[PDB]
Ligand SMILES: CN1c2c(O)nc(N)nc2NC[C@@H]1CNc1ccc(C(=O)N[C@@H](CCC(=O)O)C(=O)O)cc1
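Take a look at this one chain, the form deposited without the named molecule, written out in structure tokens.
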């Protein structure tokens, strides 16, 4: 039995083709092809339903201490209403999940993590809360019930602007604020996304979720976008998909996510998994996540990657055709000496080797709104 978000009937009413995703029923696409939906997102904007993601709040005076004991980012340095992408890492340096953490001006941390890792992540945070409370510290956690919508694309901001009093130009990439959206009070708008385009994510009380979705969709610039387009868009943007490109068996260094380590904590070697991660940062690491491009048929997950001498050196973790570049793009792991952009490699596609080239990611330049 698949779980349903507050927009379930909304999706079906608009031609959504529902499929199973992390135990939820979500549209893989609607009436337009996922390829056209993908292109529409980069020229205008698309609305995605991400209400299945886990939304939590960390309360208490020791909220930052709790969070930093679990993630690799510089959380203390976050200014009010400023957030950062980060990772949950275990003592061995493996990635438990990727997330976004925001320091709200309400005195709490607002966290959003993967739908497919909600049981694991919630238990992890609960365990830490329990640990700290037993030590007499002040901390707590709340699971939010709000729906979550993502409006992404070059015209996403202007579409939302018609529904908010706040001048969105004051909401730079990775900052957020609580505002009334299209009549719905208590929404949190964050300048973020999973597409590489400018965009916002809206945490909206369920009672007003459908109203908000409809209000946004009424704008000619907007079209709904499903799972397929969401995947091709994030891949072109060089963004990881937990469970595919990174997992508990990959550290932030192997995953080419060294940038997620907080500036202060990286230099101090003070973060979860540092004993394994630091030596890798210095160079002692066996593999690296790289981007790959090729012609012909698309490279797919689990496909072997070989050098020109017939030796298997790695595996593709994600891959699909790129509508924006009209080439096939993919992510995979290869030894460091084969990770330089421009390197030619062989990838098994449909039981036959195809010539591919290592490419620097993102494949499609991002268009974030920064000051």
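Just so we're on the same page, rigid core means the largest C-alpha set that superposes within 1.5 Å between forms. Shifts are known only where both forms have a C-alpha. Numbering follows the first chain given and starts at 1.
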Got a sec? Mean C-alpha B-factor, which is higher, 282-290 or 101-109? 101-109
Regarding 343-351 and 19-27, which shows the higher C-alpha temperature factor on average in the entry? 343-351
Given 119, 131, 197, 254, the residue at which the Cα B factor reaches its maximum: 131
When the entry's CA B-factors for 69, 43, 46, 55 are compared, the highest one belongs to 43
Please place residue 266 in the lowest, middle or highest third of its chain according to the CA B-factor in the PDB entry. middle
Residue 314's Cα B-factor: lowest, middle or highest third of the chain? middle
Entry-reported C-alpha B-factor of residue 218 relative to its chain, by third, is highest
Taking only the Cα B-factors deposited for this chain, tell me whether residue 273 sits in the lowest, middle or highest third. lowest
Where does the C-alpha B-factor of residue 370 rank in its chain, lowest, middle or highest third? highest
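One more form of this protein exists, namely the form solved in complex with the named molecule; it is left out here, but the text below deals with it.
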Does this chain block the named molecule or leave room for it once its pose in the deposited bound form is superposed onto the site C-alphas (blocked: 3 or more ligand atoms within 2.4 Å of backbone or C-beta; open: none)? open
Checking a candidate spot here: are 69, 95 and 266 all in contact with the named molecule in the deposited bound form (at least one heavy atom each within 4.5 Å)? no
I'd like to know whether residue 84 contacts the named molecule in the deposited bound form, with contact meaning heavy atoms within 4.5 angstroms. yes
Using a 4.5 Å heavy atom cut-off, state whether residue 53 contacts the named molecule in the deposited bound form. yes
Using the partner position in the deposited bound form, report whether residue 118 sits within 4.5 Å of the named molecule, counting heavy atoms only. no
Under a 4.5 Å heavy atom criterion, is residue 153 part of the interface with the named molecule in the deposited bound form? no
Among the candidate stretches 157-165, 205-213, 109-117, 139-147, which one is within 4.5 Å of the named molecule in the deposited bound form when only heavy atoms are counted? 109-117
Within 4.5 Å of the named molecule in the deposited bound form, counting any non-hydrogen atom, which residues from 200-235 show up? 201, 230
Give the residue ranges, in sequence order, where three or more consecutive C-alphas each shift by 2 Å or more between this form and the one not shown after rigid core alignment. 266-272
